[PDB]
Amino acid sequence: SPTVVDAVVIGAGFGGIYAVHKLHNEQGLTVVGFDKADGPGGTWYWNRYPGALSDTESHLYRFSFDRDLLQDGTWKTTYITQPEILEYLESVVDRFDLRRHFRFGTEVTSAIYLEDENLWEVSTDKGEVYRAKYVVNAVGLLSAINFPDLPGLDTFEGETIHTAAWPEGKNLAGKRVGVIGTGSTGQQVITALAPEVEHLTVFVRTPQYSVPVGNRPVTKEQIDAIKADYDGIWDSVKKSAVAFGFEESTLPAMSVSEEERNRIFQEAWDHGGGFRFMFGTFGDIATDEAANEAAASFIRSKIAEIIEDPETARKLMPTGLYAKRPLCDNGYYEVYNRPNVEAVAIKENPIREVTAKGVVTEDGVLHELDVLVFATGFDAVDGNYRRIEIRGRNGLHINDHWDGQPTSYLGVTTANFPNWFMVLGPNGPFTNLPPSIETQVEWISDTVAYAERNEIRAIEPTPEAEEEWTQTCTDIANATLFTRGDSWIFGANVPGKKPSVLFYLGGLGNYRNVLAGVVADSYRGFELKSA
């Protein structure tokens, strides 16, 4: 005796919160949501590591769809910490009475399409079964935990924390900590842990490029000036490419004098923001090799000013293309001048084994550790889809459908899987994410309503349309240097995972233009089954 509902939503982050609001409050459908978390927040429920903070400016790292909720927003700094975002997202849940629609502490273990009924059968880890005509997957593009295995790790004194599963209230003051990982998460937790711990050991494998964040206090008059121009601010954001609120440059870097190139880089550096350094200074830093090297070397010279010990600056000096997700920090490079901060270059002096009481290097040197923080990445974009049994038409598994690379049509849809939608699924926009999540959930909500109104019982894309979208994303990505960034953005960070394109990099405005032309062209690329 399964529970019948119109729509199932998986995940209670940004995407699920909004999807439950659109499907129930606006369209009046019966909806059930799920999250293995005990409450809402998604990313910001799980990542409670110290230093966790958004690189989207405070006034734009939030929903834009409700004007009253925009005029009630509050914040203290130019950027916003994890406890502030979790609080904001919880406030959205109470504001729209969404809580009662969500089954928390529950994991969706299977999602099986029943063709003869045109219904999805969704079963959970608690034993309950549901049947729905629509399924909306908001399972998170940076959500499936990546946890590398090390020799003898099952045999260790003390705790092993992956940053995306940090226990609330855990403080490491006065302890002896090691951190592995030098991406955005590692930098934040290294910078936050340095003043409190008595010895920090950073196992650095690939040092990265990072600019100052510039997180400045915000006055009431500043907030009010933003609130009285919210419409135009969001209008410009949604028409732009990366949607961070700053003017995106079209000036080629090597077309100006060396002094002007320096002046522009130094202005962004002093202002702050990783995305602004990459896209707000010149227009070809991500597509022109000479422009990219000008940006990379300017950052290197700054790191050489900061880190006094030249041998310490050597291990932390980033080489190669400036083509990973732009990073910014609250004083990351100054940490290594502290006497109680050690850097270990893992590529020269590798990790050999985890002992009972610490980590041994091929140094013939053990580093004792009360705690070992894992600042490693995510099985990004497609990870949380491959972890569960998703079968569509003819019972074809999602892993067999996504045999090689994960694919979509327009980032929100895939073939053989009718009435089945993805928020931040494969081959979607690469922007400030809340306004791209809103764009997707809005199109998904409008597409369900169109099915309900015109009596369609199954919508799904054609293989021809899906392959056309893959090619469109592949051609655009091949015009950039991100394809050679060697990061999670192209699926190169998980061993066993085959690299591929994973993002449409045409920008949010072009993406929204593509979605609107698809709808106006009577859902071009979509097969409709009626009656």
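Sequential numbering from 1, following the sequence displayed.
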| query | finding |
| --- | --- |
| Which of 108-116 and 169-177 has higher mean CA B factor, as the PDB entry lists it | 169-177 |
| 308-316 or 244-252, whichever carries the higher mean Cα B-factor | 308-316 |
| Peak C-alpha temperature factor (PDB record), options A286, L89, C328, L372 | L372 |
| Highest recorded Cα temperature factor - choice among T185, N137, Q222, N399 | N399 |
| Ranked against its chain, the third holding the CA B-factor of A531 | highest |
| Chain thirds of CA B-factor: placement of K36 | middle |
| Within-chain third of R131 by Cα B-factor, per the entry | highest |
| Among modelled residues of the same chain, the CA temperature factor third for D486 | highest |
| Chain-relative CA temperature factor third for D446 | lowest |
